[PDB]
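*Asks:* Mind folding the following:
(one chain, ligands or ions: 3)
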Amino acid sequence: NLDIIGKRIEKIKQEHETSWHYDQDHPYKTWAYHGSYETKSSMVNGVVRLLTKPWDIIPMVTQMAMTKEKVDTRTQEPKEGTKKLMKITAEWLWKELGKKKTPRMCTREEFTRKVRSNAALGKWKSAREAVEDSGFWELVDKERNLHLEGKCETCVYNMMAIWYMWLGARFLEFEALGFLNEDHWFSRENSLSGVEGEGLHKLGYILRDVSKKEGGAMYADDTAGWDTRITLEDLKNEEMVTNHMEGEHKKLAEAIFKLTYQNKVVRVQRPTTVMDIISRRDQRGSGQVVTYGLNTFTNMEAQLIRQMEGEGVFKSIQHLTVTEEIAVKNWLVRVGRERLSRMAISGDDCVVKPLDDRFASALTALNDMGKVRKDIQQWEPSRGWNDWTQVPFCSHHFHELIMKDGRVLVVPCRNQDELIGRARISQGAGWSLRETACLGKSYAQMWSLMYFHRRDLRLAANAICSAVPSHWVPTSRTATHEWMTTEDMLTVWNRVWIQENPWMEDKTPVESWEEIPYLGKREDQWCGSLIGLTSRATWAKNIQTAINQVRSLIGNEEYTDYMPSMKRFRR
Ligand SMILES: CN(C[C@H]1CCOC1)c1ncncc1Cl
Ligand SMILES: [Zn+2]
Ligand SMILES: [Zn+2]
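*Replies:* Residues are numbered from 1 along each chain as shown. Ligands and ions are numbered 1, 2, ... in the order given. I have put the structure below:
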């Protein structure tokens, strides 16, 4: 414990020896308190807002732009029967994920490029500058050699609930564990339940394939605060990925797991403004990308065990008999792969089509692993879905949409207020008119690619692309983002929905936007369309005037009129 975290703790004190204090009114019960010292929002995208005027009076849109507790909780230790189930399943799952993959270290050369290309990776101002400074790498080397020693000095978390770390520590995590993401361990092809790198244009088709299997309802239970419910028992089954490694990699990964994952150290600001230094062994404390993969892994494990429980593979979680152990092992070997194919899992989010509806009341292992369901009483059976087009997954639902030529699109969808409200927000300071416009164009092209079937979004997308210089490149400060390009959007649509779509047998390209269908007028309204409203009609008829207002603000640039791509706006 204190041997592992002390050096980190001791070092911080020294740098604040003048302002150190062991305050006795510290709000922590579950976290460990060590000492303190002295220290001390969303903007609106005007391009998108000026081109979505009817939404200026919709509170669901406008409120999205205005504006820890659950981190201080503790999950009890699972029973010995649960721990056995988890260890057997995790051992078998790492082996399956490893069959066609080789663990390997990621490199400085890999890390530098990602940073020189902008990406989330929690002396030098920007991190781009540090990656160019040898001094930094001298620091990294120092820490690396310390990790090989089984010790840690500078790998400390900063709460705000995302925990940032110094770039060097992010590198050491990426060096040891980046392979999980960089080499697509949680791809569908590889992991069977996973959907990493799939894209929102494929999730619908994947849920439809799971629906084709014989079984009961589709279950999509959320977990209440998943990250907070990760047990030390979970952080150790995740560690068993090191079993598949060798050489320096195994030691570096064992150190990431041992030191920065199974014994965290965090500096939290408390206005009461001091910087508390607290610690704890459990919960999820890693980079957002390694968090995704280890969330997917532990979720896959939990859902296979809930499936085992519904099939009566084991009678009770209190203790596993020797014959039960063998029975669990034989199940995994005989049907594990089939059972993984019955699930779509994205980090803490899942959809399971079990063998039958006994799964709905198989709750003892799930509750005892601490994966308590959100908004339903602990022992109340899960509500299942009878139609794959109603199932929630990754903040979306999916429609089946028949083109005028008979070909079948499976399209992603969500409440339109949520889509418009997110596009009206830009996170960052010092944004020029030009980069605000290019962010608006990134939303517009995403809408043309993913949400073309929504009347308001195809119209607003065409208006924004008409209002922003044709050659300005779409930007995003931080899945498959095919909308991030200056290529013609009809050409990308044909590539994503027809040519590269493995569920479309006939590869006949689409020649214009009017060949591409919409949802039913009533379905469109149900998912939040303003069609029918006087406000939306004035907006559509006078769109050229809104486009011209934004063109006048940006100035005398080369624009294209994309409005005649629609039927109505043709002369
Ligand atoms: C006004 N209507 C039809 C009515 C009847 C049911 O929905 C509203 C439109 N329908 C489709 N696209 C654009 C428009 Cl505005
Ligand atoms: Zn360290
Ligand atoms: Zn919908």
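*Asks:* Look up how far residue 471 lies from the nearest residue to residue 421 once chain neighbours are set aside.
*Replies:* With sequence-adjacent residues excluded and distances taken as Cβ to Cβ, 6 or more residues apart in numbering, residue 421 is closest to residue 64, at 3.5 Å. Every C-beta, even on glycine, is put in place using the N, C-alpha and C of the backbone. According to Cβ to Cβ, to the nearest Å, residue 64 stands 31 Å off from residue 471.
*Asks:* Contact partners for the closest residue to ligand 2 within the stretch 301-450 of the chain?
*Replies:* Closest approach between the stretch 301-450 of the chain and ligand 2, counting by Cβ to the ion: residue 347, at 25.0 Å. By Cβ atoms under 8 Å, 6 or more residues apart in numbering, the contact set of residue 347 is 226, 291, 292, 295, 296, 299.
*Asks:* And for residue 40?
*Replies:* When contacts are counted by Cβ under 8 Å, 6+ apart, residue 40 touches residue 273.
*Asks:* did I read that right, it in a helix?
*Replies:* No - read with DSSP: H, G, I helix; E, B strand; the rest coil, residue 40 is coil and lies in no helix.
*Asks:* The residue lying closest to residue 513 once chain neighbours are set aside: how many residues sit nearby?
*Replies:* Nearest residue to residue 513 in three dimensions, chain neighbours excluded: residue 565, at 4.4 Å (Cβ to Cβ, 6+ apart). Residue 565 is flanked by 20 other residues according to other Cβ atoms under 10 Å.
*Asks:* so how far is residue 547 from residue 565?
*Replies:* 13 Å.
*Asks:* With residue 517 instead?
*Replies:* For residue 517, the distance to residue 547 equals 25 Å [Cβ to Cβ].
*Asks:* sorry, back to before: just to check, the residue nearest to residue 513 is in contact with residue 512?
*Replies:* Yes - with contact defined as Cβ atoms under 8 Å, residue 565 reaches residue 512; the gap is 7.3 Å.
*Asks:* Show me whatever sits in contact with both of the two.
*Replies:* With Cβ under 8 Å, 6+ apart, residue 565 and residue 512 have common neighbours residue 490.
*Asks:* Can you mark which positions in the helix or strand harbouring residue 254 are buried?
*Replies:* Using DSSP states H and E, residue 254 maps to helix 247-255. Neighbour-count burial for helix 247-255, counted by 16 or more other Cβ atoms under 10 Å, picks out 249, 250, 251, 252, 253, 254, 255.
*Asks:* and what of stretch 230-241?
*Replies:* Within stretch 230-241, the residues scored as buried using 16+ other Cβ under 10 Å are 230, 231, 233, 234, 235, 236, 237, 238, 239, 240, 241.
*Asks:* Just give me the closest of those to residue 131.
*Replies:* residue 241 (26.6 Å; Cβ to Cβ).
*Asks:* so what's the closest one closest to, chain neighbours aside?
*Replies:* Nearest residue to residue 241, sequence neighbours excluded (Cβ to Cβ, 6+ apart): residue 94, at 5.5 Å.
*Asks:* and that neighbour, what is it in contact with?
*Replies:* Contact analysis of residue 94 by Cβ under 8 Å, 6+ apart lists 240, 241, 243, 244.
*Asks:* sec struct for the third one, please.
*Replies:* Secondary structure of residue 243, reduced to three states by three-state DSSP: helix.
*Asks:* what sits against it?
*Replies:* Applying Cβ under 8 Å, 6+ apart, we find residue 243 in contact with residue 94.
*Asks:* who does the host helix or strand of residue 448 touch, helix- and strand-wise?
*Replies:* According to DSSP H and E, residue 448 maps onto helix 433-450. On a contact count with 3 or more Cβ pairs under 8 Å, 6 or more residues apart in numbering; DSSP states H and E, helix 433-450 meets helix 46-50, helix 200-212, helix 416-423, helix 455-467, helix 489-494, helix 543-554.
*Asks:* Packing partners of the third one?
*Replies:* Judged by 3+ Cβ pairs under 8 Å, 6+ apart, helix 416-423 is in contact with helix 59-62, helix 433-450, helix 455-467.
*Asks:* quick one: it to chain centroid distance?
*Replies:* Remark: helix 416-423 is offset 18 Å from the chain centroid, using Cα atoms, centre = their mean, to the nearest Å.
*Asks:* Check the spacing between the residue nearest to residue 241 and ligand 3 real quick.
*Replies:* Noted for residue 94: a distance of 38 Å to ligand 3, by Cβ to the ion, to the nearest Å.
*Asks:* cool, and residue 193?
*Replies:* In terms of Cβ to the ion, residue 193 sits 25 Å off from ligand 3.
*Asks:* ok, now how distant is that residue from residue 92?
*Replies:* With Cβ to Cβ as the criterion, residue 193 and residue 92 are 13 Å apart.
*Asks:* For those two, indicate the residue with more neighbours.
*Replies:* Ranked by neighbour count (other Cβ under 10 Å), residue 193 and residue 92 place residue 193 first, with 25 against 18.
*Asks:* Verify the contact between that one and residue 337 for me.
*Replies:* No - taking contacts as Cβ under 8 Å, residue 193 lies outside contact range of residue 337: 10.1 Å.
*Asks:* quick one, domains of this structure?
*Replies:* Split into domains by automatic domain parsing, the chain comes to 1-38+107-177+231-282, 84-96+186-228+285-393, 397-565.
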